[PDB]
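Inspection log for the structure reproduced underneath, given as structure tokens.
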Amino acid sequence: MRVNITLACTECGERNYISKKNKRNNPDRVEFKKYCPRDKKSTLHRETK
Amino acid sequence: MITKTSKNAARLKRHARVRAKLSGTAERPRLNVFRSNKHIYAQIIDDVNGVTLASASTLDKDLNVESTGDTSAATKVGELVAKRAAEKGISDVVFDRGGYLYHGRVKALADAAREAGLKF
Amino acid sequence: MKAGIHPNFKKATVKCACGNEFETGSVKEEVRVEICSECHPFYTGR
Amino acid sequence: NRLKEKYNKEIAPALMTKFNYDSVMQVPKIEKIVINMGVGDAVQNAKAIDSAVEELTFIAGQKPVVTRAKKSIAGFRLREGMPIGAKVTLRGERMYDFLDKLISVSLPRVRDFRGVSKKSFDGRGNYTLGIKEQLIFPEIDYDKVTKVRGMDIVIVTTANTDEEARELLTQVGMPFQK
Amino acid sequence: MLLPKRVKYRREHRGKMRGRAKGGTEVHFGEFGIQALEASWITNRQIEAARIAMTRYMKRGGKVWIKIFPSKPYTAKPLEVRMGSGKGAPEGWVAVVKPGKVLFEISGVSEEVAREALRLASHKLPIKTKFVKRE
Amino acid sequence: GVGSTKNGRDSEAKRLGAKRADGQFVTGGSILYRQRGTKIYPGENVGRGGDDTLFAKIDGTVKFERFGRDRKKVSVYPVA
RNA sequence: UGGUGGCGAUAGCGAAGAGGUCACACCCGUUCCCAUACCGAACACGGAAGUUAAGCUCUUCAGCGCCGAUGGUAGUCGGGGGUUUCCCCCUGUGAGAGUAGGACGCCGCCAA
RNA sequence: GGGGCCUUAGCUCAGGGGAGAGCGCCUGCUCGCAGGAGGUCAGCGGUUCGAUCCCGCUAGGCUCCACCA
RNA sequence: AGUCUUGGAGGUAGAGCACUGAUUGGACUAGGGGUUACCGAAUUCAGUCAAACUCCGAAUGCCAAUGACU
RNA sequence: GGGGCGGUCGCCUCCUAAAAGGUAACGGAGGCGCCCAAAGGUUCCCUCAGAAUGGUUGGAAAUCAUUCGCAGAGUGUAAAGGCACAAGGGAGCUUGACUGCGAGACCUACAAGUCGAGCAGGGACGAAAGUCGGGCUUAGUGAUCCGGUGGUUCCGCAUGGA
Ligand SMILES: [K+]
């Protein structure tokens, strides 16, 4: 079913974002371009493994 | 029997949607555009008072060309409306596309206005 | 016409077995037809 | 196009005289022809749609739209949004080309052709024609056809009455049943 | 027995009965009618008892309009239960009547008959009525 | 013996309606109306919040106002 | 006349006529910008061969829709009474329905 | 009275997707074969794109309770 | 704080049938039954009703504002 | 409406509720303990239910076409309030389902809950105006203690580490 996830700035490694997805719908690690406030710019933030 | 609405009726519905958000103040008045089959027109309008401050068209005498109602005509109007508006003391405007797609003639008028002083 | 989805529409010569040739718009350049409007037993009334 | 010239030179003056129209703009014309194939068996085979689209592409000279279901109907085992047929709209040049071919080539090849019904007008000058078999069209190769399929051809006019439309279509050369 | 083919709500509030009738205060359909003079619930049982009553007096001779319908339902709790624990099961059907409501109407028959017909009805009902005519 | 009711539930109250009067002064950001849907529209110097809440963009005087045939809006006009 | 605004359909719908040179349209092209789950239909870009048929504009009409008093009535604040599931009376207020009537647009700015 | 559970073909039972399987009974064939027979899916009214399989009620059958003065 | 004056929010009383349910009689009938009014759904004319109906809609009460009087 | 037994316990919507708000009962009706990577953002474009008439399969009901058609549809889901300059339908590009906050309001015993212009950072969409801090709105949740994980210019029991 739908699960908690963490996205993490693929640059600095900063665990920047919790959210939710459906795993059956979305089974492969989702990625989004959301602001890292360590880097102070938009970066790709990927679901933590 | 096909029955069908006028393209203007269709446009007025689209223009309403534009005018929902966009509106002319005294500071930042509305550069409205009406194009037609034969001509193109431009009025700088202040909607709070409901007054056309400045205006320009292909029916004006400075614009002298047989091919009125093309892109080349629209650039000439876009110049004329802007320069006439600069005399009045209009700088900032909002471009009311008037239900027409921001493209070709309508865009040509806007681009010419941007080139010739007005800021949007 | 969008590029890439429409068959190339050409003028086609339709040749009937009765000897009648007529220009029709078609995707093929030549169309042989055994029975046309002029030789169909229905239209000839015989 | 031959029919388009015939319309302008012969048919339109003749209609103007017959119905005594005040202005040329009132004269009935063919606005569009819509061809329709209801592929309700697509519920069983997705590939049946692709076949029907291809066949209708050859006939019309123009890619059709795949028609999708508007609502779920359990009686037809149907779900909303499912592809269930094909529809194309012919206008301008291609309309007259298709109509000329329909009248002169395709309609004769109907097996036991008795003419087209005089009663298939809608009360508002539009004419609907049901074709039983796509094999009447010479563009359809008989060997490639997996299954015989009919189609509906709607001729939409600017006529206000069935009389005006029937006259227009008669003068175009539509082979009405005696 | 009249009763509604369905309702929205099966349990209803009992409500009140102030004022004269909202409409139905003339004789409309038939010639003659029985006007209510007092507020009451009329049961579906009472209606049938007052209908058959006036009906059989006429001997198939004339036409009745029953100008009420038992649309409102009522409830009761079982016998010998305490208060509380939900609202009781529905029981029967009642048309609220107010003063003015012309409850039945008659036609086809003489006044002499109609009077006597409606007299017989009056007795089955739990209110004071009067006879009326159309104006 | 007795049975059991299947109702007996209800939400808490959500305190809707008008939070400032017509002709009342308001500071900027004052809620003017709480509502489900747009019973009242946002007029001059009023925004519509995420739960359709109406609130004062400026400081000034409230007015509820007839908005067309049917609808009603609220405005805050500048004090002067 | 066109554009473009303000005003609750008193603006509307219907019906009946009237008008076009300019202006607005339909209209006529698709080579090119751009276009359609398919189409130059629409959207664009071009043009003026002819047309007021339609949109549009102007007149007449109260059939529908709208607006709408007045009087009365229901309701009711306050005060009183009674035979109190309800009812009556007194100062005050006062609907809805009904109807008299109104109404086939009113006021801007700009251009020609 | 209240709760809890049940209601599918002759028989035994499968089973939101348009009601099956075995056996019995019938088809022809002589321990398997070969096709049939037969359903208001307890009923009702409703949720919906379709209801045996929702949901609310009515039957009936079982089951457990119905106490303390 | 009271009262007057002015403005406003809101859907009760009442009323109404414009929606949603319920519902009576006539007219006229799809259609289904015994070619038929044999019975009929919709439609149409009139008529009833509603805590969870509303095209409407009070008195009051409420929130304010501006002065005045207290 | 004694206790037992039965039923119930938090949240949301409606009615009761007496036209602000609030308002009880083992009063009347239903929902929730999610879902969606688009069913979010934005830009552009659009209009629905049903019926009539005509149509090979095709029938009351698939798919056309025509006219009529304030919504008689739709809005992930209960209901209510909303919504057709759409909040409903379609397509392109996207990740604002942002980080720091926040004038001021609402609600409120507390604890919590709700709305918010605007400012900064860095973005998305858009020609621009601008819109965007999830979803038409209002349920979809649980204090502290304790423990886990990631980060960290903090502390580190003589000092450096731990
Ligand atoms: K007791």
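Order determines the names: the first chain of the structure tokens is A, the second B, and so forth; residues in each chain are numbered 1 upward, and ligands are numbered 1 upward as they are shown.
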Next item on the list: Just the residues within 12 Å of residue 35 in chain G, please, counting only C-alpha atoms (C1' of nucleotides), with nothing from its chain fewer than 6 positions along; format it as number ranges by chain.
Entry: B: 101; C: 1-2; G: 41-45
Could you please take those selected residues and save N, CA and C atoms (P, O5', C5', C4', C3', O3' and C1' of nucleotides) as a PDB file, in the first residue's frame?
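For reference, out_16.pdb as written:
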```
ATOM      1  N   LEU B 101      -5.349  34.309 -29.610  1.00  0.00           N
ATOM      2  CA  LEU B 101      -4.147  33.598 -29.224  1.00  0.00           C
ATOM      3  C   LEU B 101      -2.967  34.563 -29.315  1.00  0.00           C
TER       4      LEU B 101
ATOM      5  N   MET C   1      -3.687  18.963 -42.460  1.00  0.00           N
ATOM      6  CA  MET C   1      -3.108  17.594 -42.514  1.00  0.00           C
ATOM      7  C   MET C   1      -1.831  17.551 -41.671  1.00  0.00           C
ATOM      8  N   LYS C   2      -1.834  16.724 -40.611  1.00  0.00           N
ATOM      9  CA  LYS C   2      -0.637  16.464 -39.818  1.00  0.00           C
ATOM     10  C   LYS C   2       0.327  15.575 -40.607  1.00  0.00           C
TER      11      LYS C   2
ATOM     12  P     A G  41     -12.125  25.335 -43.331  1.00  0.00           P
ATOM     13  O5'   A G  41     -13.232  25.279 -42.173  1.00  0.00           O
ATOM     14  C5'   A G  41     -13.922  24.020 -41.925  1.00  0.00           C
ATOM     15  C4'   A G  41     -14.756  24.097 -40.662  1.00  0.00           C
ATOM     16  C3'   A G  41     -14.314  25.099 -39.587  1.00  0.00           C
ATOM     17  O3'   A G  41     -15.032  26.315 -39.748  1.00  0.00           O
ATOM     18  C1'   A G  41     -14.422  22.934 -38.648  1.00  0.00           C
ATOM     19  P     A G  42     -14.435  27.741 -39.299  1.00  0.00           P
ATOM     20  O5'   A G  42     -13.801  27.435 -37.863  1.00  0.00           O
ATOM     21  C5'   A G  42     -14.622  27.577 -36.675  1.00  0.00           C
ATOM     22  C4'   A G  42     -13.796  27.236 -35.458  1.00  0.00           C
ATOM     23  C3'   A G  42     -12.549  28.080 -35.236  1.00  0.00           C
ATOM     24  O3'   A G  42     -12.855  29.331 -34.649  1.00  0.00           O
ATOM     25  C1'   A G  42     -11.997  25.810 -34.966  1.00  0.00           C
ATOM     26  P     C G  43     -11.933  30.610 -34.958  1.00  0.00           P
ATOM     27  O5'   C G  43     -10.486  30.065 -34.567  1.00  0.00           O
ATOM     28  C5'   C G  43     -10.118  29.975 -33.177  1.00  0.00           C
ATOM     29  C4'   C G  43      -8.702  29.478 -33.078  1.00  0.00           C
ATOM     30  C3'   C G  43      -7.663  30.341 -33.777  1.00  0.00           C
ATOM     31  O3'   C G  43      -7.334  31.423 -32.941  1.00  0.00           O
ATOM     32  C1'   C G  43      -7.304  28.086 -34.332  1.00  0.00           C
ATOM     33  P     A G  44      -6.933  32.826 -33.584  1.00  0.00           P
ATOM     34  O5'   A G  44      -5.512  32.423 -34.186  1.00  0.00           O
ATOM     35  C5'   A G  44      -5.009  33.173 -35.303  1.00  0.00           C
ATOM     36  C4'   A G  44      -3.800  32.486 -35.876  1.00  0.00           C
ATOM     37  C3'   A G  44      -3.314  33.061 -37.204  1.00  0.00           C
ATOM     38  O3'   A G  44      -2.408  34.126 -36.926  1.00  0.00           O
ATOM     39  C1'   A G  44      -3.637  30.732 -37.428  1.00  0.00           C
ATOM     40  P     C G  45      -2.672  35.634 -37.426  1.00  0.00           P
ATOM     41  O5'   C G  45      -1.871  35.617 -38.807  1.00  0.00           O
ATOM     42  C5'   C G  45      -0.557  34.986 -38.883  1.00  0.00           C
ATOM     43  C4'   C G  45      -0.378  34.385 -40.255  1.00  0.00           C
ATOM     44  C3'   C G  45      -0.785  35.279 -41.430  1.00  0.00           C
ATOM     45  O3'   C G  45       0.303  36.127 -41.751  1.00  0.00           O
ATOM     46  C1'   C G  45      -1.701  33.101 -41.713  1.00  0.00           C
TER      47        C G  45
END
```
Next item on the list: Compute the chain I side of the contact with chain E at 10 Å, counting only C-alpha atoms (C1' of nucleotides), and hand it back as number ranges by chain.
Entry: I: 15, 20-26, 46-52
Next item on the list: Write as a ChimeraX atom specification the residues around ligand 1, taking 7 Å as the cut-off and counting only C-alpha atoms (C1' of nucleotides) and all ligand atoms.
Entry: /E:82 /J:1-2
Note to self: Can you tell me, as a PyMOL selection string, which residues in chain E count as strand (DSSP E) by DSSP?
What the structure shows: chain E and resi 32-36+40-43+63-66+72-76+89-97+102-107+129-133
Kindly export the residues of the current selection with N, CA and C atoms, as a JSON list (two decimals), in the first residue's frame.
```json
[["chain", "number", "residue", "atom", "x", "y", "z"],
["E", 32, "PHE", "N", -69.89, 18.75, -2.98],
["E", 32, "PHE", "CA", -70.12, 18.81, -1.54],
["E", 32, "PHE", "C", -68.96, 18.17, -0.81],
["E", 33, "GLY", "N", -68.75, 18.59, 0.45],
["E", 33, "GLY", "CA", -67.58, 18.18, 1.22],
["E", 33, "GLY", "C", -67.75, 18.43, 2.71],
["E", 34, "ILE", "N", -66.84, 17.82, 3.49],
["E", 34, "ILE", "CA", -66.87, 17.83, 4.94],
["E", 34, "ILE", "C", -65.63, 18.59, 5.44],
["E", 35, "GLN", "N", -65.85, 19.79, 5.98],
["E", 35, "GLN", "CA", -64.79, 20.70, 6.37],
["E", 35, "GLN", "C", -64.42, 20.44, 7.82],
["E", 36, "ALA", "N", -63.11, 20.38, 8.14],
["E", 36, "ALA", "CA", -62.69, 20.16, 9.53],
["E", 36, "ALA", "C", -62.77, 21.46, 10.30],
["E", 40, "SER", "N", -56.30, 17.68, 14.14],
["E", 40, "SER", "CA", -56.10, 16.29, 14.53],
["E", 40, "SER", "C", -55.23, 15.58, 13.51],
["E", 41, "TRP", "N", -54.52, 14.57, 13.98],
["E", 41, "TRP", "CA", -54.05, 13.51, 13.12],
["E", 41, "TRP", "C", -55.24, 12.65, 12.70],
["E", 42, "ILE", "N", -55.35, 12.38, 11.39],
["E", 42, "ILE", "CA", -56.25, 11.35, 10.87],
["E", 42, "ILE", "C", -55.42, 10.15, 10.46],
["E", 43, "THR", "N", -55.76, 8.97, 11.00],
["E", 43, "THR", "CA", -55.07, 7.74, 10.65],
["E", 43, "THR", "C", -55.54, 7.28, 9.29],
["E", 63, "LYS", "N", -69.32, 9.89, -6.76],
["E", 63, "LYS", "CA", -67.87, 9.90, -6.76],
["E", 63, "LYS", "C", -67.34, 10.63, -5.52],
["E", 64, "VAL", "N", -66.28, 10.04, -4.93],
["E", 64, "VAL", "CA", -65.64, 10.52, -3.71],
["E", 64, "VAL", "C", -64.24, 11.00, -4.08],
["E", 65, "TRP", "N", -63.88, 12.19, -3.59],
["E", 65, "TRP", "CA", -62.49, 12.61, -3.50],
["E", 65, "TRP", "C", -62.10, 12.69, -2.03],
["E", 66, "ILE", "N", -61.22, 11.78, -1.62],
["E", 66, "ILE", "CA", -60.52, 11.87, -0.35],
["E", 66, "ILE", "C", -59.40, 12.89, -0.52],
["E", 72, "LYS", "N", -47.43, 11.36, 6.55],
["E", 72, "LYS", "CA", -46.58, 11.40, 7.72],
["E", 72, "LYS", "C", -46.66, 10.06, 8.42],
["E", 73, "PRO", "N", -45.52, 9.47, 8.84],
["E", 73, "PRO", "CA", -45.53, 8.24, 9.62],
["E", 73, "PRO", "C", -45.41, 8.57, 11.10],
["E", 74, "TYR", "N", -45.81, 7.63, 11.96],
["E", 74, "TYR", "CA", -45.49, 7.74, 13.37],
["E", 74, "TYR", "C", -44.93, 6.42, 13.86],
["E", 75, "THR", "N", -44.38, 6.47, 15.08],
["E", 75, "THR", "CA", -43.70, 5.35, 15.72],
["E", 75, "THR", "C", -44.44, 4.96, 16.99],
["E", 76, "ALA", "N", -44.02, 3.82, 17.55],
["E", 76, "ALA", "CA", -44.17, 3.57, 18.97],
["E", 76, "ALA", "C", -43.10, 2.60, 19.42],
["E", 89, "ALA", "N", -39.93, 1.79, 16.74],
["E", 89, "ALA", "CA", -40.27, 1.35, 15.40],
["E", 89, "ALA", "C", -41.48, 2.13, 14.90],
["E", 90, "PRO", "N", -41.53, 2.46, 13.60],
["E", 90, "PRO", "CA", -42.76, 2.98, 12.98],
["E", 90, "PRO", "C", -43.98, 2.09, 13.12],
["E", 91, "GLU", "N", -45.16, 2.72, 13.14],
["E", 91, "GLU", "CA", -46.39, 2.09, 13.60],
["E", 91, "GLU", "C", -47.46, 2.23, 12.53],
["E", 92, "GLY", "N", -47.83, 3.47, 12.22],
["E", 92, "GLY", "CA", -48.87, 3.74, 11.25],
["E", 92, "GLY", "C", -48.65, 5.06, 10.53],
["E", 93, "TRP", "N", -49.72, 5.49, 9.86],
["E", 93, "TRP", "CA", -49.69, 6.64, 8.99],
["E", 93, "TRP", "C", -50.82, 7.58, 9.39],
["E", 94, "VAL", "N", -50.50, 8.87, 9.36],
["E", 94, "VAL", "CA", -51.42, 9.91, 9.77],
["E", 94, "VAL", "C", -51.31, 11.05, 8.79],
["E", 95, "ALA", "N", -52.45, 11.49, 8.29],
["E", 95, "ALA", "CA", -52.56, 12.81, 7.72],
["E", 95, "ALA", "C", -52.90, 13.78, 8.84],
["E", 96, "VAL", "N", -52.01, 14.74, 9.04],
["E", 96, "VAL", "CA", -52.32, 15.94, 9.78],
["E", 96, "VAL", "C", -53.47, 16.65, 9.08],
["E", 97, "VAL", "N", -54.50, 17.00, 9.86],
["E", 97, "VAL", "CA", -55.58, 17.85, 9.41],
["E", 97, "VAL", "C", -55.58, 19.08, 10.30],
["E", 102, "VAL", "N", -61.03, 20.57, 3.96],
["E", 102, "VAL", "CA", -62.10, 19.77, 3.41],
["E", 102, "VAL", "C", -61.56, 18.38, 3.10],
["E", 103, "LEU", "N", -62.07, 17.37, 3.82],
["E", 103, "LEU", "CA", -61.38, 16.11, 4.04],
["E", 103, "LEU", "C", -61.79, 15.12, 2.96],
["E", 104, "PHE", "N", -63.10, 15.08, 2.69],
["E", 104, "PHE", "CA", -63.64, 14.36, 1.56],
["E", 104, "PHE", "C", -64.34, 15.37, 0.67],
["E", 105, "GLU", "N", -64.73, 14.91, -0.52],
["E", 105, "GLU", "CA", -65.71, 15.60, -1.33],
["E", 105, "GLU", "C", -66.55, 14.58, -2.08],
["E", 106, "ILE", "N", -67.79, 14.95, -2.38],
["E", 106, "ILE", "CA", -68.77, 14.06, -2.98],
["E", 106, "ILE", "C", -69.29, 14.73, -4.24],
["E", 107, "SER", "N", -69.63, 13.91, -5.24],
["E", 107, "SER", "CA", -70.47, 14.35, -6.35],
["E", 107, "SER", "C", -71.22, 13.17, -6.95],
["E", 129, "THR", "N", -66.59, 18.24, 12.31],
["E", 129, "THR", "CA", -66.62, 18.76, 10.95],
["E", 129, "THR", "C", -67.87, 19.62, 10.78],
["E", 130, "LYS", "N", -67.99, 20.19, 9.58],
["E", 130, "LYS", "CA", -69.27, 20.62, 9.06],
["E", 130, "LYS", "C", -69.36, 20.24, 7.60],
["E", 131, "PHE", "N", -70.60, 20.16, 7.11],
["E", 131, "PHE", "CA", -70.88, 20.03, 5.69],
["E", 131, "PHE", "C", -70.55, 21.35, 5.01],
["E", 132, "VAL", "N", -70.09, 21.27, 3.75],
["E", 132, "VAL", "CA", -69.92, 22.44, 2.91],
["E", 132, "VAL", "C", -70.35, 22.09, 1.49],
["E", 133, "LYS", "N", -70.53, 23.15, 0.69],
["E", 133, "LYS", "CA", -70.79, 23.05, -0.74],
["E", 133, "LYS", "C", -69.68, 23.77, -1.48]]
```
Item checked: Contact residues around residue 3 in chain H with only C-alpha atoms (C1' of nucleotides) at 9 Å, ignoring same-chain residues under 2 positions, as a ChimeraX atom specification -> /H:64-65 /J:6
Take the residues from that selection and write them out as a PDB file, in the first residue's frame, keeping C-alpha atoms (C1' of nucleotides).
```pdb
ATOM      1  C1'   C H  64     -26.227 -18.105  23.087  1.00  0.00           C
ATOM      2  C1'   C H  65     -28.450 -15.049  26.678  1.00  0.00           C
TER       3        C H  65
ATOM      4  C1'   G J   6     -26.813  -5.482  25.076  1.00  0.00           C
TER       5        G J   6
END
```
Chain G residues near chain E within 10 Å, closest pair each, using only C-alpha atoms (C1' of nucleotides), as CSV:
```
residue,atom,partner,partner_atom,distance
G:74,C1',E:19,CA,8.6
G:75,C1',E:19,CA,9.9
G:85,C1',E:16,CA,7.1
G:86,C1',E:18,CA,7.1
G:87,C1',E:18,CA,9.5
```
Take the residues from that selection and write them out as a PDB file, in the first residue's frame, keeping N, CA, C and O atoms (P, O5', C5', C4', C3', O3' and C1' of nucleotides).
```pdb
ATOM      1  P     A G  74     -54.808  36.766   9.832  1.00  0.00           P
ATOM      2  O5'   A G  74     -53.552  35.859   9.440  1.00  0.00           O
ATOM      3  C5'   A G  74     -53.789  34.481   9.072  1.00  0.00           C
ATOM      4  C4'   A G  74     -52.483  33.806   8.733  1.00  0.00           C
ATOM      5  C3'   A G  74     -51.388  33.832   9.796  1.00  0.00           C
ATOM      6  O3'   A G  74     -51.606  32.868  10.820  1.00  0.00           O
ATOM      7  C1'   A G  74     -50.467  34.383   7.716  1.00  0.00           C
ATOM      8  P     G G  75     -51.277  33.187  12.366  1.00  0.00           P
ATOM      9  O5'   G G  75     -49.692  33.397  12.314  1.00  0.00           O
ATOM     10  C5'   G G  75     -48.837  32.331  11.815  1.00  0.00           C
ATOM     11  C4'   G G  75     -47.441  32.862  11.587  1.00  0.00           C
ATOM     12  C3'   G G  75     -46.818  33.668  12.727  1.00  0.00           C
ATOM     13  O3'   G G  75     -46.282  32.818  13.729  1.00  0.00           O
ATOM     14  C1'   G G  75     -46.587  34.878  10.760  1.00  0.00           C
ATOM     15  P     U G  85     -54.270  21.363  24.181  1.00  0.00           P
ATOM     16  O5'   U G  85     -53.042  21.743  23.248  1.00  0.00           O
ATOM     17  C5'   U G  85     -51.697  21.581  23.746  1.00  0.00           C
ATOM     18  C4'   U G  85     -50.897  20.908  22.670  1.00  0.00           C
ATOM     19  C3'   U G  85     -51.174  21.422  21.246  1.00  0.00           C
ATOM     20  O3'   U G  85     -49.969  21.623  20.531  1.00  0.00           O
ATOM     21  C1'   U G  85     -51.505  19.095  21.321  1.00  0.00           C
ATOM     22  P     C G  86     -49.807  22.911  19.594  1.00  0.00           P
ATOM     23  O5'   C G  86     -51.286  22.937  18.990  1.00  0.00           O
ATOM     24  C5'   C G  86     -51.801  24.177  18.477  1.00  0.00           C
ATOM     25  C4'   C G  86     -53.250  24.338  18.854  1.00  0.00           C
ATOM     26  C3'   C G  86     -53.751  25.781  18.865  1.00  0.00           C
ATOM     27  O3'   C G  86     -53.922  26.257  17.533  1.00  0.00           O
ATOM     28  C1'   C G  86     -54.436  24.734  20.830  1.00  0.00           C
ATOM     29  P     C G  87     -53.555  27.774  17.143  1.00  0.00           P
ATOM     30  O5'   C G  87     -54.710  28.510  17.968  1.00  0.00           O
ATOM     31  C5'   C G  87     -56.080  28.195  17.605  1.00  0.00           C
ATOM     32  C4'   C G  87     -57.055  28.843  18.556  1.00  0.00           C
ATOM     33  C3'   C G  87     -56.975  30.359  18.679  1.00  0.00           C
ATOM     34  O3'   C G  87     -57.616  30.955  17.566  1.00  0.00           O
ATOM     35  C1'   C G  87     -57.168  29.407  20.815  1.00  0.00           C
TER      36        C G  87
END
```
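The neighbours of residue 76 in chain D here are the residues that come within 9 Å of it, using only C-alpha atoms (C1' of nucleotides) and leaving out any residue fewer than 4 positions away in the same chain; they are residues 40, 43 and 72 of chain D; 61 and 62 of chain J.
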